[PDB]
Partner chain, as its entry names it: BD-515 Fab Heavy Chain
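Okay, here we've got a single chain as structure tokens, the form solved without its partner chain, with questions on binding and movement later.
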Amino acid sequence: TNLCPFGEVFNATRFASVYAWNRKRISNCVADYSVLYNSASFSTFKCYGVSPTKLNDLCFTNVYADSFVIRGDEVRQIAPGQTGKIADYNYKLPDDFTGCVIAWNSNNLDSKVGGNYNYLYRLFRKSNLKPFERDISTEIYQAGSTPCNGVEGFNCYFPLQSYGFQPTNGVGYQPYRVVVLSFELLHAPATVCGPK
């Protein structure tokens, strides 16, 4: 049948900010993972609950492709059982995740001479995200006892901040494009199968 549109996810011209991470539902298609196997220059390509050697042999009810930009030092947070600013406040994988996480250095696309400030992350939140929770609110964060009433000041902060992607950045501060493939297996008919 027709191939899952991994092309539209991995090769998108524009990627989301991690706080406003993008989800594409994939279903009713053949997932030929050879487009990912034939790439040598991903910085990371790991699967959880399933061997990457089995992807072309398995069937799922749906696949979800989540995509966003973070910085180099944070790529390790896109894994089960991780904590930090991204896993806590921006994008949380469950501990029982079944799927794959791919990232690559995008410094040639996502940095610019005077700095690219287009990509944001959430710096502050009252509590940690649940797995696959998305928070796009811009409510002023109350860091103290005195309420803010939507006015910034002492202990009253805007919750989002720009990554500063300058081409002179160290690898830890360079931009990485991330795709997370979640493999959903419900008590329902499979609509995504590998070519076997």
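What we label the rigid core is the largest C-alpha set whose atoms superpose within 1.5 Å from one form to the other. Residue numbers count along the first chain shown, from 1.
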| query | Comparing 160 to 168 with 33 to 41, which has C-alphas lying farther from the shown form in 4 other deposited structures of this protein once the core is aligned? | reply | 33 to 41
| After fitting on the rigid core, which stretch moves more in 4 other deposited structures of this protein, 126 to 134 or 148 to 156, going by C-alpha RMS? | 148 to 156
| Going by the B-factors listed in the PDB entry, is the mean over the C-alpha atoms higher for 139 to 147 or for 33 to 41? | 139 to 147
| Mean Cα B-factor comparison, 21 to 29 or 175 to 183, giving the higher one as deposited | 21 to 29
| message | Among the choices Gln161, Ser67, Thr61, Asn128, identify the one whose CA B-factor in the record is greatest. | response | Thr61
| said: Looking at the C-alpha B-factor values in the deposited entry, which of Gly170, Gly49, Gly153, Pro52 comes out highest? | reply: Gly153
| task | Could you look up the Cα B-factor of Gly114 in the entry and say which third of the chain it sits in: lowest, middle or highest? | result | highest
